[PDB]
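Below are the chains, spelled out letter by letter.
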Amino acid sequence: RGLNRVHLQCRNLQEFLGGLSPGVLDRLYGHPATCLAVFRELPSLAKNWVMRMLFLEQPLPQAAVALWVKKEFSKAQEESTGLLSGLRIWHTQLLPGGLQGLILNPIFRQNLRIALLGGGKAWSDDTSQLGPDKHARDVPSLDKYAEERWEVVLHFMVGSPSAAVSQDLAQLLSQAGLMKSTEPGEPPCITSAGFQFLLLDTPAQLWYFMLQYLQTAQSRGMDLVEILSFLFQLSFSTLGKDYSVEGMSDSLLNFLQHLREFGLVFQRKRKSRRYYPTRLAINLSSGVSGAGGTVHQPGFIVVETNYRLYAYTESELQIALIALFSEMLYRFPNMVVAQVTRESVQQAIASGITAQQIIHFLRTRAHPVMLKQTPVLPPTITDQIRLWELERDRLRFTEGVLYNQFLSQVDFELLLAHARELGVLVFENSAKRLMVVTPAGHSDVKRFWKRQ
Amino acid sequence: XXXXXXXXXXXXXXXXXXXXXXXXXXXXXXXXXXXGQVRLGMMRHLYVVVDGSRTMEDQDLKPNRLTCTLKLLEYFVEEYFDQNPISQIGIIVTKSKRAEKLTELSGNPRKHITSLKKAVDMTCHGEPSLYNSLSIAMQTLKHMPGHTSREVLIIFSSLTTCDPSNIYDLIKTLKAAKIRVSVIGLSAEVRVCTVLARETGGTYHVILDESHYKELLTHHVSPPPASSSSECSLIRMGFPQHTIXXXXXXXXXXXXXXXXXXXXXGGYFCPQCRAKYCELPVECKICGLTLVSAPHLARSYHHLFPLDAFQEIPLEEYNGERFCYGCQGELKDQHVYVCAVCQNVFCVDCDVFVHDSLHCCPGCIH
Amino acid sequence: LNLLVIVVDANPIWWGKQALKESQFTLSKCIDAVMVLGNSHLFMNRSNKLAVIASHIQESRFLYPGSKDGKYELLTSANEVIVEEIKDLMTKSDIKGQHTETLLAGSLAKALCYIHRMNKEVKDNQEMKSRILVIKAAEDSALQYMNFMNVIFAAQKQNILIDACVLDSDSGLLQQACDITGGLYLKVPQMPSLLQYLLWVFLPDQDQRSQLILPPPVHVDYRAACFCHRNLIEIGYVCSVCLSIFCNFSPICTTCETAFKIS
Ligand SMILES: [Zn+2]
Ligand SMILES: [Zn+2]
Ligand SMILES: [Zn+2]
Ligand SMILES: [Zn+2]
């Protein structure tokens, strides 16, 4: 903790896909699920530009792309162009003079056109013929199955006596940095990343599972490309119509039964030929479930100006979460009454939670009577929460290297200028020659001192 | 002191639900709308006289009566200029036994709503004066042309109607000057306003609620029918086309405006005097012509070939057309509404939408 | 959350003359450009909604409302129902002679009340913006002008934008509608490129009209004639009973048989 604390940063599919290898990307767009899934992530400018340039075989010059936009919006324009360029959609070509032509990656473009129009592949859908299936599953029972399995995983993180995790998933939770095993006679603890993982949205939690699951996909003979194509194949599916398995490798079978352990997919049998993509699997998307209401579950916490939480939900999980960032007084078979004490939040940040998790948690589960307010939370309470976290987080730490008490002043700004030159300047002085450089990048300037 | 005994229970599980449903159903009501195939007064110099009395400060409404009255007049100016474009409004606050022409007779909502946002901040001191307010409204409404149904709307609260002269000779004059005065009253019925309303030709009403008062002002939005007295003339009209800066201002006519203005390059001319107006419709400031874009005649054509009634039937009743002919949806409630001519099927949402906004049956167009 | 309501002027007489013309561009590419615009609109965001109406000569029947060939699945089901609905509509058809010019007021009326009910469907967190595309290819009848203005003013009140792609001929009432409501008007100069016009001009929503530089607004003619001789008027005589435009001054008002007071 001589570094900074573990701030749980969602990648939002840009820092994930921007930062890979372009051969991995050119294989990744080889299924239309991935092309639609990268398409909908785009900002609306880049969205409309791809849908503009889609039906086209000529590299348009740079002048037309810069000349399609009104003058006031150039600050919010270069982000869309740069995001198309870095994500290997727009590969740059040349008109035969000096006009740098721009053209969509024909793998990406061809598979988007397969996603919109007729195609040569078949989305890996198959059925030999099996009609009304032996133990066909019902849609609210798929909802129930999703709730049961993913709340079992959440109770496992919380540490209930409902610990039905089958110890590959527990090893996954230990490997992703969430449940640290210490002193190996089996206490599984919770890391502060686990507490910040709990207060997050359900699609954000599942997508963080998939990102930190594929972060260590070099382990079990897994490849990123086929797994991400299967994820984007799941989240573009329908609860009603039923699928088959024939057309999948054996490592896909191991991933799909591990995914059954996640609860995102309802099988019937392990040796079966059918899977039901669950309601958790459809809403798998890098985004935000809302600020007043969730498609998954309607909100249930009434936050009054008395710093008073009225939770209309019976669940030991969500009672434990409201125990995390508050303190609880009454429990009725319909309702829990809790009070947000200063000391409760200062306990919730001692274990490590930046209180944007808390405010977004309460905005996610906002009860439908708490709605029809344009500030859905009372801003006295919200600004008080932010003032409490700013009292707790008042130290900012940085490892540095000192320059003090120089013999001159020309070498002072010379060392400062060489620090600014190689981008290793941290903190400077004006009067008493007290400089802070990066300590890992200090040996460059130190060997420069042995050279002058 | 024992209203708590209003909640009965028979099975107590859905019986409290039945008591709550009876209360929530008794807390609502429907409007009463009238149809007519009669002549209407469509050019309409209406002139609003508000109290500024002592009784405007009484708190019978949820804010004091000045604030609620002024809010619904803001809504009134909005809906009246939204529905009748040719017409005009003028606002008099009547205050301290004297009458004050607060906003002159014009035809754009910006000045009137700006003046009402100003007039929130007033004082409301003294007793009103119906004599002087009807005198100022008469003085402006003498010389509007005879086909205009010249109308005054007095939103009147107090009871002591402190005039400085005799107000039956005004009612005889205003009877002879073919004006029409309608009074919306607060808290009471006053005999003089009743004689004024029944003799000039208008209609008198007293206020229960917010909702009833909205219903009364909505009743006075629509053009009221004409007597056997008002002139049926033929006003000469002008239809100026829009003119942009002709061909990149190749020999244009750079003007300022005609009523803090910038340099106008182009816009609307006049076919009588050839002046320069920014906005249309505007009465010609230097000619006396009235200038009309002519959807502004089409904005008020629904009064002339009006709607009809929907045959309202709640029960199931022979319905072999399960879906709404309005918007292709099922009829999940027990209210089915069937037109007169085509006799198609409509639901409640299509009922409110057709009868309030679209103003035509979608079937009868086909 | 957005709501595109495409309206395709399926005049069977006009597209029949277009298909006997033996051109490149027939009704099949028209309805296919409609469906590619629809799948593009559903494709741009998850929350978007689509509804496609087809004005026939005597009826406003809606067109709208696993993956065998590789599309997204709901796009496949929507394309299947639009294809089967136009095949049920146009093939099984009728013939009449007194009413053979197409209509646009009724389909716009259905679109207005459909947007009304789908705005009642919207919950309190989200808010719906809406527009009506009109793909017109025939000649509009004059006889429904009394009706037609009304639906425009409904779209003036309900804040629904109106856009129009006219294919063959200009239309004064429809460029009038796209001037009043704040929408957009476009006369295509070459038929088979229709989709590429739609995917740049008429695909972008309300918060991209202000960002994109678009083809400029044509000047709108506020021509006005009498009900007497149908000729163009710069100064007219309008009654205050009938509210009707007369060109020359006349004693007895014909439109409402008014006993005109003469001064
Ligand atoms: Zn003039
Ligand atoms: Zn009808
Ligand atoms: Zn309906
Ligand atoms: Zn007349």
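**Q** Tell me about the coordination of the zinc ion (ligand 4), and name the residues and values.
**A** Residues and elements named next belong to chain C. Those donors, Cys 239 (SG), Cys 242 (SG), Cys 253 (SG) and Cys 256 (SG), are the protein atoms that reach the zinc ion (ligand 4), and they lie 2.4 Å from it. Each of the four donor atoms around the zinc ion (ligand 4) contributes to a set of angles spanning 94 to 129 degrees, which defines the coordination as tetrahedral. Spacing between the donor residues of the zinc ion (ligand 4) along the chain follows C-x2-C-x10-C-x2-C. Taken together, the residues span a long stretch of sequence, with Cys 239 in strand β7 (residues 235–239) and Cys 256 in the segment after β8 (245–246) at a distance of 17 residues. Residue class for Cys 256 comes out partly exposed when judged on its relative accessible area of 27%.

**Q** Describe the interface of chain C and chain A, listing the residues and the values that go with them.
**A** At the interface, 30 residues of chain C touch 38 residues of chain A. A buried area of about 3200 Å², summed over both sides, lies between chain C and chain A, and 53% of it is on carbon and sulfur atoms. Interface area lost by chain C to chain A is led by C:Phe43, C:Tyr72 and C:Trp200, which between them contribute 22%. Where chain C packs against chain A, one counts zero salt bridges.

**Q** An account of the interface of chain B and chain C is needed here, citing residue identities and associated values.
**A** Contacts between the two partners involve 51 residues from chain B, matched on the other side by 51 residues from chain C. By the criterion of area lost to chain C, the three top residues of chain B are B:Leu234, B:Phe239 and B:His366, representing 16% of everything that side buries. On the surface where chain B and chain C come into contact, there are one salt bridge. Measuring nitrogen to oxygen at the nearest pair gives 2.4 Å for the salt bridge that ties C:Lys120 to B:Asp349. On the surface where chain B and chain C come into contact, there are eight residue pairs in polar contact. Breaking the side of chain B that touches chain C down by element, the ones donating at least two residues are β7 (234–238), β8 (242–243), α8 (348–358) and α9 (362–365) of chain B. Looking at the side of chain B that touches chain C residue by residue, the class counts come to 26 nonpolar, 17 polar and eight charged.

**Q** So what's going on with the pattern of salt bridges? Residues and values would help.
**A** Counted by the stated rule, this structure contains 17 salt bridges over all chains. We note a salt bridge from B:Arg65 to B:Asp58, for which the minimum N-O separation is 3.8 Å. Taking relative accessible area as the criterion, B:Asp58 reaches 36% and is therefore assigned partly exposed. The partner of C:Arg209 in a salt bridge is C:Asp163, and the shortest N-O contact between them spans 2.4 Å. With C:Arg209 in helix α8 (residues 206–209) and C:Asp163 in strand β5 (residues 161–166), this residue pair connects regions lying 46 residues apart in the sequence.

**Q** How would you explain the coordination of the zinc ion (ligand 2) if you had to name every residue and give the values?
**A** Residues and elements named next belong to chain B. Note on the zinc ion (ligand 2): its protein donors are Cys 339 (SG), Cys 342 (SG), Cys 361 (SG) and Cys 364 (SG). The metal-donor distances range over 2.4 to 2.7 Å. The coordination sphere of the zinc ion (ligand 2) comprises four donor atoms, whose angles at the metal cover 97 to 126 degrees; the geometry is tetrahedral. Along the chain, the residues donating to the zinc ion (ligand 2) are arranged with the sequence spacing C-x2-C-x18-C-x2-C. Judged by relative accessible area, which is 8%, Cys 361 ranks as buried.

**Q** Break down the domain arrangement of chain C for me, with residues and values.
**A** Size of an interface: often given as the accessible area lost when the parts come together. Assigned domains within chain C: domain 1 (1–212) and domain 2 (224–263). Centre-to-centre separation of domain 1 of chain C and domain 2 of chain C, based on C-alpha positions: 38 Å.

**Q** Quick rundown of the sheet that holds β5(C)? Include the residues and the values.
**A** Residue and element names in this part refer to chain C. With respect to topology, six strands assemble into an open sheet ordered β3-β2-β1-β4-β5-β6, the strand pairing being mixed. The open sheet has two edge strands with one neighbour each: β3 (60–64) and β6 (184–187). On average, each strand axis in the sheet is tilted by 20 degrees relative to the strand beside it, whichever way the strands run. Examined bridge by bridge, strand β1 (residues 2–9) and strand β4 (residues 129–136) share seven bridges and lie parallel to one another.

**Q** Give a detailed account of helix α5 (residues 169–176) of chain B, specifying residues and quantitative values.
**A** Quick reminder: α-helices carry 3.6 residues per turn. Residues three or four places apart thus point the same way. Residue and element names in this part refer to chain B. Three or more residues of α5 are buried, namely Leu 170, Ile 171 and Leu 174. Seen along its axis, α5 keeps its buried residues to an arc of 95 degrees; they face one direction. Counted as exposed and oriented over 90 degrees from the buried face of α5: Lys 172 and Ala 176. Contacts from the buried residues of α5 go to α4 (130–140) and α6 (191–200). At the C-terminal side of α5, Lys 178 shows a positive phi close to 40 degrees.

**Q** Lay out the sheet that holds strand β5 (residues 301–304) of chain A in plain terms, naming residues and giving numbers.
**A** All names here are of chain A. The four strands are arranged β5-β6-β8-β7 in an open sheet whose pairing can be described as antiparallel. Every interior strand has two partners, whereas the edge strands, β5 and β7 (327–331), have only one. Strand-to-strand twist across the sheet, computed as the mean angle between neighbouring axes with direction ignored, equals 20 degrees. Summarising the sheet, β5 and strand β6 (residues 308–311) pair through four bridges and their orientation is antiparallel. Paired with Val 302 across the strands is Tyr 310, a residue of β6. Relative to β7, helix α15 (residues 316–325) is tilted by about 135 degrees, and along the sheet it contacts β5, β6, β7 and β8 (336–339).

Cut-offs used in this document
Residues numbered from 1 in each chain as written, not as in the entry; some residues may be left out. Chains lettered and ligands numbered in written order. Part of a larger assembly, values for the part shown. Heavy atoms only, no water. Residues with missing side-chain atoms left out of burial classes, pairs and counts. Donors = N, O, S within 2.8 Å, 3.2 Å for Na, K, Ca; no water. Tetrahedral: all angles 85-135°; square planar, octahedral: opposite > 155°, others 65-115°. Helix = DSSP H or I, 4+ residues; strand = E, 2+ residues; numbered from the N terminus. Buried < 20%, exposed > 50% of the residue type's maximum accessible area, 1.4 Å probe, protein only. Contact = heavy atoms within 4.5 Å. Buried area = accessible area lost by both parts, 1.4 Å probe. Salt bridge = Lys/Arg side-chain N within 4 Å of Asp/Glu carboxyl O. Polar contact = N/O pair within 3.5 Å; in protein donor to acceptor, adjacent residues only side chain to side chain. Nonpolar A, V, L, I, M, F, W, Y, C, P; charged D, E, K, R; others polar. Domains from an automatic or database assignment. Pairing = 2+ DSSP bridges. Axes fitted to C-alpha atoms, helices over the stretch in contact; angles between N-to-C directions. Arc of directions from axis to C-beta.

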